[PDB]
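One-based numbering, in listed order, for ligands and for the atoms of each. Note that these values count all heavy atoms, side chains included, but never hydrogens, waters or copies made by symmetry. Start at 1 with the first residue, then count along the sequence.
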Amino acid sequence: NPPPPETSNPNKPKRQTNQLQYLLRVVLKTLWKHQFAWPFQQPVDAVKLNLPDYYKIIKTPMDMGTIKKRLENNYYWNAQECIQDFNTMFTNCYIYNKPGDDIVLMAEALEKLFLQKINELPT
Ligand SMILES: CCN1C(=O)c2cccc3c(S(=O)(=O)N4CCC[C@@H]4CO)ccc1c23
């Protein structure tokens with residue numbers, strides 16, 4: 001396993017924004033409770049899960065546990081940065097797998113709920 005993504009960085013500029021507040025309180029916390037959320041709640045453990053080729057293929061890993069901690073820690077400057085982390089988590093799943101796989105059916109469901117929730121954000 002490689003080191004997981006950072007959740008703190010003192011030299012990074014950050015802001016507390018009403019859209020970032022919403023991304024934590026509503027968007028992340030709703031997805032988290034979905035029946036298909038559990039494979040995405042922490043970094044991939046290629047050793048436990050016996051996926052030795054995962055980090056040989058995926059070079060920008062991301063997961064909802066990392067996002068949650070970034071949100072709680074005031075890591076982001078704006079909502080587009082957080083939205084980009086979500087998009088990376090979903091794209092990684094489609095790169096490493098194939099259409100029809102159980103994990104892909106799960107990611108497709110969460111991605112549609114995610115887009116429904118960010119369709120309208122607070123001003
Ligand atoms: C989202 C990150 N991510 C992948 O890209 C991926 C590829 C193959 C299996 C898994 C598993 S799992 O073995 O625990 N399991 C969970 C249900 C489906 C799958 C078994 O079919 C958990 C998380 C994963 C994968």
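The pair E81-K12 meets the salt-bridge criterion, with a side-chain N (NZ, NE, NH1 or NH2) lying under 4.0 Å from an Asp/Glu carboxylate O.
Annotation: side-chain hydrogen bond (donor to acceptor under 3.5 Å, both in side chains) contacts of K112 (sequence neighbours excluded): none. Every side-chain hydrogen bond (donor to acceptor under 3.5 Å, both in side chains) that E6 has, sequence neighbours left out, goes to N9, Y75. Applying the salt bridge (charged side-chain N to carboxylate O under 4.0 Å, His left out) rule to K56 yields no partners; only residues at least two apart in sequence or on another chain are considered.
Side chains of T88 and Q84: a donor on one and an acceptor on the other come within 3.5 Å. With hydrogens and angles left out, the side-chain atoms of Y94 and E111 include a donor and acceptor closer than 3.5 Å.
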Any protein N/O atoms within less than 3.5 Å of an N/O atom in ligand 1? List the atom names and distances, or say none.
residue, atom, partner, partner atom, Å
ligand 1, 5 (O), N97, ND2, 3.1

